[PDB]
């Protein structure tokens, strides 16, 4: 067995993953098993970028690991992407120095991966879990990550000279050439985007107390329309994605991230670990947007995201339907939250 470590340096914290694997006769990892993990808070991009702080942080993350002499990839995501490159450099200068002072961890790369890179890993992670990678599919699989700070979309598409090279990836896995379109929208993740909508009455249950002192008066179509403006006028989601998706239809959609949590909640009713956007918007509109808040809160006092469900159902619909151009009646699978799907397994597949 070979071993590799991957650190996901995300927004709320950093998670170290240690994987064992074998390699098959296509030079591709198989039997990938996570043998150890560790999560620390807060996010790397939120700590003071000096030697003492970074030493304390990396020591806390790595110290108890049951290994000696393992390759490690340190990959930061949207949290670091939101920082100026001059500020990011401070972190990486300290990190590079820290790894050089020790011998147990063999640093391969430490960097902020692009949203496009993250999309690739998302697609690999989901397809590995579904066991759709080892043999030729003739069945187009697309993946959407509803992340906290960025959202990713990724689907098969033949190499196209007219499209940015950064939105296209080429790789060979289990002996097969794959060509994927990848795209990420930074800031459109549900935590970041929500900061624009907190005083929008259409996005909250009736009588929900908004920060500015006004009251929720929810209406999913109205909240969706608001969100759609941000998506298409600022992020240009529809303009970029919809034509390409039209020309390269996906046969099956899988989603990961927040949507899987919302869909698995006690409030929403979905079966078969799947949903349609039509049903999502209807349920959000009826059960939250037009629902009296105080009564609702009394009934679901333990769901900390409950108050956001009018906004989030509206937002997911805006993204998939008005943004990506997915039919409202199209089935969207979601990976159950309890399966702990993690994009870092894609790093093993692509880089180990």
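Residue numbers count along the first chain shown, from 1.
Per the entry, higher mean C-alpha B factor between 103-111 and 200-208: According to the PDB entry, the answer is 103-111.
Which is higher on average in the deposited entry, the C-alpha temperature factors of 271-279 or of 155-163? Going by the record's values, the stretch with the higher mean is 155-163.
From 213, 79, 189, 249, pick the one with the largest CA B-factor in the entry? Comparing C-alpha B-factors across 213, 79, 189, 249, the top value belongs to 249.
Per the PDB entry, which option out of 224, 139, 183, 235 has the greatest Cα B factor? Comparing C-alpha B-factors across 224, 139, 183, 235, the top value belongs to 139.
Where the record places residue 90 (Cα B-factor, split into thirds across the chain): Tercile = middle for this residue's CA B-factor.
Lowest, middle or highest third of the chain for the C-alpha temperature factor of residue 147? For residue 147, whose C-alpha B-factor we compare with every modelled residue in the chain, the answer is the lowest third.
Third of the chain, ranked by Cα B-factor, where residue 9 sits: Lowest third.
Among the chain's modelled residues, which third holds the C-alpha B-factor of residue 245? Highest third of the chain for residue 245's C-alpha B-factor.
Lowest, middle or highest third - CA B-factor, residue 16: As the PDB entry reports it, the C-alpha B-factor of residue 16 lands in the lowest third of its chain.
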